[PDB]
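Engineer: One structure, pasted below without further comment.
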Amino acid sequence: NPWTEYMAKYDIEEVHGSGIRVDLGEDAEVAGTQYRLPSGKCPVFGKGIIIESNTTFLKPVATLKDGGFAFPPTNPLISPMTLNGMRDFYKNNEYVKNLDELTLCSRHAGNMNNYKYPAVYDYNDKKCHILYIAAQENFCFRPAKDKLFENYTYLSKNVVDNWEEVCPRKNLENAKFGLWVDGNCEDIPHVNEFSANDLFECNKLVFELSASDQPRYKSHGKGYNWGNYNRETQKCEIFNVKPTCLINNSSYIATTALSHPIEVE
């Protein structure tokens, strides 16, 4: 199989290793009590938390419906923090100061106190928001990809510093996910067809069906994490087994729950 190295980043069980829609893949103790928390190794592009009721989840947590999920204002301001603020903050730490923006944001969040907070990096403002609340679905709320969340990036304490190399980001244009069989890339045999107006809607549906750690209930990255979008027939072909090759097909764009809902390569 000549695709093995190239397709490794799409083996989501291995490279991410946790829930995507809801990531609660590890446990940590804070003062004699066991809590679940995000533990996936890849960033989740376009993911945010919808609350319905009229205020962003990146608003600071209340000090409940008054506020959001994020760290409350501190002194000096640890959250939110700009990329350049973080680089200045850590400018004496050669192991941290040159990290990519997402890994930096993850490490920054994890530098607060066993149990390490997840984060969201917003590419719009170039700000890292440490999330005080690690819950992702229930205040009633749910995780989602939305046009408003497009530049948000949901980050666990475990985001690897080489995610650029080993994690999905972009959708693959003119390409269809497949299964390497006997020296040839074959179609995924069974797919679950969801109609979708565009790639974004397909990416949002794959995310909705993807690996989830909320209904000892961990997904470990298993689930409907992939979709082939036929842009001609407007079908989001969703499946739950890892792809092991690509088929060239101008009609398709290959997406994953982790991938950005818009960017193509």
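Counting starts with 1 at the first residue shown.
This entry, so its header tells us, was determined using X-ray crystallography, 2.0 Å.
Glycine residues also receive a Cβ, built from the backbone N, Cα and C atoms like all the rest.
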Engineer: Disulfide-wise, see what Swiss-Prot says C236 is paired with, picking from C185, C202.
Structural biologist: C202
Engineer: In Swiss-Prot, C245 is listed as disulfide-bonded to which of the following: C167, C185?
Structural biologist: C185
Engineer: Can you tell which of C105, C140 Swiss-Prot lists as bonded to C128 through a disulfide?
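Structural biologist: The record-listed partner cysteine is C105.
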Engineer: Measuring Cα to Cα, how many Å separate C167 (disulfide bond) from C185 (disulfide bond)?
Structural biologist: 22
Engineer: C42 (disulfide bond) to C105 (disulfide bond): how many Å between their Cα atoms?
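Structural biologist: Rounded to the nearest whole number, the Cα-Cα distance is 13 Å.
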Engineer: Gap of 7 residues, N113 to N114: Cα distance in Å, to the nearest whole number?
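Structural biologist: Cα to Cα across the gap: 7 Å.
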Engineer: Return the member of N54, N151, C202 nearest to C245 (disulfide bond) in space, with distance defined Cα to Cα and candidates limited to these recorded positions.
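Structural biologist: Considering only the listed recorded positions, the nearest one is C202.
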Engineer: By a simple count, how many Cβ atoms lie within 10 Å of the Cβ of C42 (disulfide bond), its own Cβ left out?
Structural biologist: 29
Engineer: Looking at the ends of the gap, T63 and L64, with 4 residues missing, what is their Cα separation in Å?
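Structural biologist: Cα of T63 to Cα of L64, across the missing 4: 8 Å.
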